[PDB]
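*Asks:* For reference, the structure I am asking about is given below.
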Amino acid sequence: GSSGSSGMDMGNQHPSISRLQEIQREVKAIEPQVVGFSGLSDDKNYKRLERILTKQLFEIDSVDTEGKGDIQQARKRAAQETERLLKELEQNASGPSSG
Numbered sequence: 001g002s003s004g005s006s007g008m009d010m011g012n013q014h015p016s017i018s019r020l021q022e023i024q025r026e027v028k029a030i031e032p033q034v035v036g037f038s039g040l041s042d043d044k045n046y047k048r049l050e051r052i053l054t055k056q057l058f059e060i061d062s063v064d065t066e067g068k069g070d071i072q073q074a075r076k077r078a079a080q081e082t083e084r085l086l087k088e089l090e091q092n093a094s095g096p097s098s099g
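In terms of the authors' numbering, the sequence shown opens at residue 1 and continues consecutively.
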């Protein structure tokens, strides 16, 4: 529903957190690039967009958790987020999702 209750104090930036943070800002920085997209399903620029997500996503799965909710959550939270946009594209493109 709303995950907002956790602390954070330690001298060390997990290699998984930074990643998600480096992959999240991407899908987010491109979130609008898709929502504000305008191209048929696979026109020329549709690839890039998708590629991004596809790339970012592939990175999400690459992000190890090691059984760390803090991470697991984000990751999984990014695994769905990324795909989400991806889906949008298909729609934002011009054609319907499925019908």
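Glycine included, C-beta positions come from ideal geometry on N, C-alpha and C.
Looking at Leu53 and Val35, is the spacing between their C-beta atoms short of 8 Å?
*Replies:* Result no, Cβ atoms of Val35 and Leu53 do not sit closer than 8 Å.
*Asks:* According to DSSP, is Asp61 helix, strand or coil?
*Replies:* Three-state DSSP puts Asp61 in a helix.
*Asks:* Between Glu31 and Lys76, what straight-line distance do the alpha-carbon atoms span, to the nearest angstrom?
*Replies:* Cα to Cα, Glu31 sits roughly 17 Å from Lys76.
*Asks:* Please state whether the Cβ-Cβ distance between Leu49 and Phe37 is less than 8 Å.
*Replies:* Against a cut-off of 8 Å, the Cβ pair of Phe37 and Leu49 comes out as a contact.
*Asks:* Where do the N-terminal and C-terminal ends of the alpha helix (DSSP H) with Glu31 fall, by residue?
*Replies:* Where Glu31 is concerned, the enclosing alpha helix (DSSP H) stretches over 31–35.
*Asks:* The alpha helix (DSSP H) with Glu81 in it runs from where to where?
*Replies:* Where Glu81 is concerned, the enclosing alpha helix (DSSP H) stretches over 69–93.
*Asks:* In or out: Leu40 buried (at least 16 other Cβ within 10 Å) or exposed?
*Replies:* Exposed, since its Cβ has fewer than 16 Cβ neighbours within 10 Å.
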